[PDB]
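There is one chain below, alone, in structure tokens, taken in the form deposited in one PDB entry.
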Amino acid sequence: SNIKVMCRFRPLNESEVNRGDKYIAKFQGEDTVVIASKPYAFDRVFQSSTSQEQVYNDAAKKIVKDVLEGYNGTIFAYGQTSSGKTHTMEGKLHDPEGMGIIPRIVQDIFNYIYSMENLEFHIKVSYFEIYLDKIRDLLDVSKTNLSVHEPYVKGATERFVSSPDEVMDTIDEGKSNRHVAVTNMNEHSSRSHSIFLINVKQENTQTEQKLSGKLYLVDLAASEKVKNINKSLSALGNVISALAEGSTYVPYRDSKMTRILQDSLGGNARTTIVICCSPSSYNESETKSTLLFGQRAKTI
């Protein structure tokens, strides 16, 4: 498979420093993190002060190209509550430097569209949420328990978009709709998955050569138990382990999430998983857990 895992350590936060937490994360080359003297090796390791643009360039840039070249793809942020998942995928949406993966992907995609000649494009976006193994449409709050059919989500809103501005507006709209019938936003968002889909259609007007690529950009529920592992996250660990083994059968049916992502995760699809970590001594075992999860994808 074409699954890459990259590990991102964020800085110690204010509140970790108030306790006398130490920085337990040690670094060996550009692909290795060391914790309690155990090495953990990934496709890349991002140290605490890594810029938002370096994470983009290594995690995501090539997958855009592959989408524009007609492949499907997935990028995930996985990790503990407060580990940096949302900072990685979204970050400061409108800030040229604080911008996370999604808004950069949208900038690159359009830099390619606008730079073309006989090529015609249709780009459409969907944005939904998975909570308790159920799908809610984040663009239409009247659609709360959507079903997955043979791979598409029945009834999901799809919006045609002509500029990155309309994409970002669609995300901000989504982020706001997500508060509907939710009492506690952080709590809920750390307990659910948010999934953004860019579908990029191209037709060469003079050659009738058509291409389509889907890109799912997923900010996953928090990885630490709440007393089981979140259901989509166990499905996903099992899909990854099976791809890692080169199993001919992949248990996509283990969750609605891995059923939607079936044509975009494994096989011919491209996949980066950004595992996010806190460097704090306080979180040593959850971090170990996050690394362990990251390693399921190492081929055997």
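In this text, residue numbers run from 1 along the sequence as written. In this text, the rigid core denotes the largest set of C-alpha atoms whose superposition between the two forms falls within 1.5 Å.
- Unmodelled stretch separating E150 from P151: 4 to 9 residues (count of deposited-sequence residues without coordinates).
- Counting the deposited residues that fall between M185 and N186 and carry no coordinates gives zero.
- Mean CA temperature factor is higher for 204 to 212 when stretches 141 to 149 and 204 to 212 are set side by side in the entry.
- Looking at mean Cα B-factors across 214 to 222 and 163 to 171, the upper value is held by 163 to 171.
- Per the PDB entry, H94 shows the highest C-alpha temperature factor of the residues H179, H94, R104, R191.
- Note on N268, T271, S234, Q262: the highest value goes to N268, judged by CA B factor as recorded.
- When the modelled residues of the chain are ordered by their C-alpha B factor, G246 lands in the middle third.
- Among all modelled residues in its chain, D43 ranks in the highest third by Cα B-factor.
- In this PDB entry, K134 carries a Cα temperature factor that places it within the middle third of its chain's modelled residues.
- The entry lists a Cα temperature factor for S82 that places it in the middle third of the chain's modelled residues.
- Ranked within its chain, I35 lands in the highest third, by CA B factor from the PDB record.
There is also a form deposited in another entry; it is not shown, and the following applies to it.
- Superposition on the rigid core between this form and the one not shown places the CA atom of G266 2 Å or more away from its counterpart.
- Superposition of the core reveals a Cα shift of 2 Å or more for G91 between this form and the one not shown.
- Comparing the forms between this form and the one not shown on their rigid core, the Cα displacement of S82 reaches 2 Å or more.
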